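Notes for the one structure printed next.
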Number of protein chains: 2
Amino acid sequence: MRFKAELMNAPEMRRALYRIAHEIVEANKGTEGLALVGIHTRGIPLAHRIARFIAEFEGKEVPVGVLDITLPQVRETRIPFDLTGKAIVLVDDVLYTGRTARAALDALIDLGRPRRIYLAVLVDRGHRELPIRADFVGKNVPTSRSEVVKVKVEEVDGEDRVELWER
Amino acid sequence: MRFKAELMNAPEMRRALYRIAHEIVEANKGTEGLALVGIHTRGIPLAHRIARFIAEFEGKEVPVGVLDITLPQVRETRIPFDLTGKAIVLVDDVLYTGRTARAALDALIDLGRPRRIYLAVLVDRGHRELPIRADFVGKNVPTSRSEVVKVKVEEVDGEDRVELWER
Ligand SMILES: [Cl-]
Ligand SMILES: [Cl-]
């Protein structure tokens with residue numbers, strides 16, 4: 001057994017992402033100065049979806065930036081806006097030790113001074129090694145040190161699914 | 001009307017600090033590679049006390065570093081040890097927007113690579129502006145934007161007390 005079990009399926013993900021979308025707006029009391037930044041590869045597609053959903057029930061569109069950072073490497077950085085004074089939501093597919101999130105947080109701050117910075121993640125598999133936490137979480141997945149969470153999304157993997165693996 | 005109410009008294013603080021101490025050891029499964037770093041002024045005295053209590057029921061002594069940072073200023077930085085590979089516990093009196101904690105976290109990482117970094121605070125008054133959270137909390141105090149939390153400690157104020165104020 002390398003593959004262990006299915007943590008999420010497409011419907012469950014769509015549902016979670018909608019909740020995230022709402023929770024974000026509720027938190028920012030609106031769309032004012034709101035912007036999303038996708039990180040860790042699949043965080044980008046997820047950000048776009050969250051933006052799609054927000055506009056869908058809010059009307060206005062939320063800008064989506066990209067900071068494809070992975071651990072200390074980044075494939076492409078695109079932030080078409082001024083981070084200063086804005087309410088920025090970092091979107092990550094999986095929160096693990098928190099080091100990736102922290103690295104992203106570091107990078108944002110070197111680029112501007114947001115009014116606030118939230119952290120939204122599809123799944124939080126625990127095992128923090130830093131005082132970082134997600135403001136918004138799709139699903140909490142208790143894991144063991146040896147297990148591994150694999151997030152698959154249409155835009156990148158041709159399918160929406162969250163898998164639990166183990167070595 | 002600036003003073004509103006007493007949030008904590010000496011006994012309640014001692015009690016909380018003891019729980020913190022225990023929770024810290026339980027978390028690190030021992031004293032191995034454990035060290036505390038006091039920040040934001042009154043965090044220093046609190047770190048020392050937490051260390052005093054750990055040694056009191058654990059035997060071995062835990063090193064206490066100082067990183068007196070306040071928001072971006074520091075009065076004195078003393079870290080008599082190598083942060084690398086260690087389990088470091090940042091000790092703060094009050095967790096507010098999380099910016100002070102984040103700044104401290106930034107500084108630590110520029111000095112070494114701890115195996116882990118925990119955040120321990122006497123009181124968490126909410127209103128985060130960053131994805132930071134405390135691993136250990138003496139007391140959670142729901143506040144309003146206008147309220148202010150004042151922590152008084154013997155070593156610095158001649159008295160142990162936590163006060164709630166408002167403007
Ligand atoms: Cl992470
Ligand atoms: Cl803070």
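Simple scheme: letters A, B, ... for chains in structure tokens order, numbers from 1 for residues in each chain, numbers from 1 for ligands in the order shown.
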Residues up to 6 Å from ligand 1, counting only C-alpha atoms and all ligand atoms: could you list those as a list in words? residues 95, 96, 97, 98, 99, 100 and 101 of chain A
Keeping only C-alpha atoms, write the selected residues to a file as an mmCIF file, in the first residue's frame.
```cif
data_model
loop_
_atom_site.group_PDB
_atom_site.id
_atom_site.type_symbol
_atom_site.label_atom_id
_atom_site.label_comp_id
_atom_site.auth_asym_id
_atom_site.auth_seq_id
_atom_site.Cartn_x
_atom_site.Cartn_y
_atom_site.Cartn_z
ATOM 1 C CA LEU A 95 -0.303 23.199 4.832
ATOM 2 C CA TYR A 96 2.373 20.947 6.333
ATOM 3 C CA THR A 97 5.329 22.102 8.463
ATOM 4 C CA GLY A 98 4.373 25.668 7.667
ATOM 5 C CA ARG A 99 7.805 26.429 6.208
ATOM 6 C CA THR A 100 6.510 26.950 2.676
ATOM 7 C CA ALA A 101 3.776 29.281 3.929
#
```
Neighbouring residues of ligand 2 are defined here as those with any atom at most 10 Å from a ligand atom, counting only C-alpha atoms and all ligand atoms; list them as a ChimeraX atom specification. /B:40,70-71,92-104,121,124-130,132-134
Quick one: write out the picked residues with N, CA and C atoms as a PDB file, in the first residue's frame?
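As a result, selection.pdb now contains:
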```pdb
ATOM      1  N   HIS B  40       9.704  41.224  23.313  1.00  0.00           N
ATOM      2  CA  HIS B  40       8.766  42.277  23.719  1.00  0.00           C
ATOM      3  C   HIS B  40       8.872  42.719  25.189  1.00  0.00           C
ATOM      4  N   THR B  70      10.677  45.269  19.617  1.00  0.00           N
ATOM      5  CA  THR B  70       9.393  45.947  19.743  1.00  0.00           C
ATOM      6  C   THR B  70       9.169  46.753  18.460  1.00  0.00           C
ATOM      7  N   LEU B  71       7.914  46.878  18.041  1.00  0.00           N
ATOM      8  CA  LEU B  71       7.590  47.624  16.824  1.00  0.00           C
ATOM      9  C   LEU B  71       6.956  48.975  17.153  1.00  0.00           C
ATOM     10  N   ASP B  92       6.359  35.572  24.783  1.00  0.00           N
ATOM     11  CA  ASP B  92       5.824  36.921  24.662  1.00  0.00           C
ATOM     12  C   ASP B  92       4.741  37.117  25.714  1.00  0.00           C
ATOM     13  N   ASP B  93       4.606  38.335  26.230  1.00  0.00           N
ATOM     14  CA  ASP B  93       3.578  38.589  27.232  1.00  0.00           C
ATOM     15  C   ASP B  93       2.204  38.649  26.591  1.00  0.00           C
ATOM     16  N   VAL B  94       2.113  39.360  25.462  1.00  0.00           N
ATOM     17  CA  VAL B  94       0.842  39.537  24.767  1.00  0.00           C
ATOM     18  C   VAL B  94       0.899  39.396  23.252  1.00  0.00           C
ATOM     19  N   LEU B  95       0.055  38.518  22.727  1.00  0.00           N
ATOM     20  CA  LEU B  95      -0.038  38.299  21.295  1.00  0.00           C
ATOM     21  C   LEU B  95      -1.197  39.159  20.774  1.00  0.00           C
ATOM     22  N   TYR B  96      -0.884  40.095  19.888  1.00  0.00           N
ATOM     23  CA  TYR B  96      -1.908  40.989  19.357  1.00  0.00           C
ATOM     24  C   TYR B  96      -2.093  40.740  17.848  1.00  0.00           C
ATOM     25  N   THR B  97      -1.566  41.638  17.021  1.00  0.00           N
ATOM     26  CA  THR B  97      -1.680  41.522  15.573  1.00  0.00           C
ATOM     27  C   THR B  97      -0.790  40.428  15.034  1.00  0.00           C
ATOM     28  N   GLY B  98       0.176  40.020  15.853  1.00  0.00           N
ATOM     29  CA  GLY B  98       1.109  38.969  15.488  1.00  0.00           C
ATOM     30  C   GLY B  98       2.345  39.488  14.783  1.00  0.00           C
ATOM     31  N   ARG B  99       2.379  40.792  14.530  1.00  0.00           N
ATOM     32  CA  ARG B  99       3.496  41.411  13.828  1.00  0.00           C
ATOM     33  C   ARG B  99       4.782  41.410  14.630  1.00  0.00           C
ATOM     34  N   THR B 100       4.665  41.559  15.941  1.00  0.00           N
ATOM     35  CA  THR B 100       5.847  41.546  16.790  1.00  0.00           C
ATOM     36  C   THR B 100       6.411  40.123  16.796  1.00  0.00           C
ATOM     37  N   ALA B 101       5.534  39.140  16.979  1.00  0.00           N
ATOM     38  CA  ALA B 101       5.927  37.742  16.984  1.00  0.00           C
ATOM     39  C   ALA B 101       6.582  37.412  15.651  1.00  0.00           C
ATOM     40  N   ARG B 102       5.954  37.818  14.554  1.00  0.00           N
ATOM     41  CA  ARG B 102       6.505  37.551  13.226  1.00  0.00           C
ATOM     42  C   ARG B 102       7.898  38.162  13.076  1.00  0.00           C
ATOM     43  N   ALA B 103       8.058  39.394  13.534  1.00  0.00           N
ATOM     44  CA  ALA B 103       9.342  40.054  13.442  1.00  0.00           C
ATOM     45  C   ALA B 103      10.406  39.270  14.201  1.00  0.00           C
ATOM     46  N   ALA B 104      10.020  38.731  15.354  1.00  0.00           N
ATOM     47  CA  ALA B 104      10.928  37.963  16.186  1.00  0.00           C
ATOM     48  C   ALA B 104      11.275  36.667  15.465  1.00  0.00           C
ATOM     49  N   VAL B 121       2.650  32.584  24.862  1.00  0.00           N
ATOM     50  CA  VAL B 121       2.245  33.918  25.309  1.00  0.00           C
ATOM     51  C   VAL B 121       1.357  33.861  26.540  1.00  0.00           C
ATOM     52  N   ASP B 124      -3.401  36.190  24.846  1.00  0.00           N
ATOM     53  CA  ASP B 124      -3.648  36.383  23.431  1.00  0.00           C
ATOM     54  C   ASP B 124      -4.933  37.197  23.367  1.00  0.00           C
ATOM     55  N   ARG B 125      -4.815  38.462  22.962  1.00  0.00           N
ATOM     56  CA  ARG B 125      -5.963  39.358  22.877  1.00  0.00           C
ATOM     57  C   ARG B 125      -6.614  39.433  21.500  1.00  0.00           C
ATOM     58  N   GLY B 126      -6.342  38.449  20.639  1.00  0.00           N
ATOM     59  CA  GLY B 126      -6.931  38.420  19.308  1.00  0.00           C
ATOM     60  C   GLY B 126      -6.531  39.555  18.379  1.00  0.00           C
ATOM     61  N   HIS B 127      -7.264  39.677  17.268  1.00  0.00           N
ATOM     62  CA  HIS B 127      -7.020  40.705  16.256  1.00  0.00           C
ATOM     63  C   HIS B 127      -5.764  40.468  15.414  1.00  0.00           C
ATOM     64  N   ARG B 128      -5.581  39.230  14.960  1.00  0.00           N
ATOM     65  CA  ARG B 128      -4.432  38.873  14.133  1.00  0.00           C
ATOM     66  C   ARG B 128      -4.470  39.628  12.823  1.00  0.00           C
ATOM     67  N   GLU B 129      -3.296  39.907  12.287  1.00  0.00           N
ATOM     68  CA  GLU B 129      -3.179  40.580  11.007  1.00  0.00           C
ATOM     69  C   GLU B 129      -2.248  39.748  10.150  1.00  0.00           C
ATOM     70  N   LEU B 130      -1.820  38.617  10.723  1.00  0.00           N
ATOM     71  CA  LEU B 130      -0.922  37.645  10.095  1.00  0.00           C
ATOM     72  C   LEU B 130      -1.322  36.234  10.516  1.00  0.00           C
ATOM     73  N   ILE B 132      -0.109  34.055  12.159  1.00  0.00           N
ATOM     74  CA  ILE B 132       0.642  33.605  13.312  1.00  0.00           C
ATOM     75  C   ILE B 132      -0.341  33.192  14.400  1.00  0.00           C
ATOM     76  N   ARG B 133       0.055  32.231  15.224  1.00  0.00           N
ATOM     77  CA  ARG B 133      -0.777  31.754  16.318  1.00  0.00           C
ATOM     78  C   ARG B 133       0.139  31.268  17.415  1.00  0.00           C
ATOM     79  N   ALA B 134      -0.351  31.285  18.644  1.00  0.00           N
ATOM     80  CA  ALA B 134       0.455  30.837  19.768  1.00  0.00           C
ATOM     81  C   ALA B 134       0.213  29.351  20.004  1.00  0.00           C
TER      82      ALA B 134
END
```
Restricting the calculation to only C-alpha atoms: of B:44, B:153, B:108, B:119, which residue gets closest to chain A? B:119
Just the residues within 12 Å of residue 154 (chain A), please, counting only C-alpha atoms, with nothing from its chain fewer than 3 positions along; format it as a PyMOL selection string. chain A and resi 9-10+13-14+42+45-46+49+151+157-162
Rank nothing, just name the residue among A:83, A:7, A:69, A:105 nearest to chain B, using only C-alpha atoms.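 With only C-alpha atoms as the atom set, the closest residue is A:105.
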If you count only C-alpha atoms, the residue of B:37, B:84, B:148, B:89 closest to residue 68 (chain B) turns out to be B:37
Please extract the residues of region 18-134 of chain A with a backbone DSSP assignment of helix (DSSP H, G or I) and present them as a PyMOL selection string. chain A and resi 18-28+43-58+99-111
Taking 4 positions as the minimum chain separation for residues in the same chain, which residues sit within 9 Å of residue 32 (chain A) when counting only C-alpha atoms? Answer as a PyMOL selection string. chain A and resi 28+86-87
Go ahead and write the residues just picked, C-alpha atoms, as a PDB file, in the first residue's frame.
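Here's the written file selection_30.pdb:
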```pdb
ATOM      1  CA  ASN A  28     -12.729  41.120   4.900  1.00  0.00           C
ATOM      2  CA  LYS A  86      -4.428  45.414   0.845  1.00  0.00           C
ATOM      3  CA  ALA A  87      -6.046  42.405   2.428  1.00  0.00           C
TER       4      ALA A  87
END
```
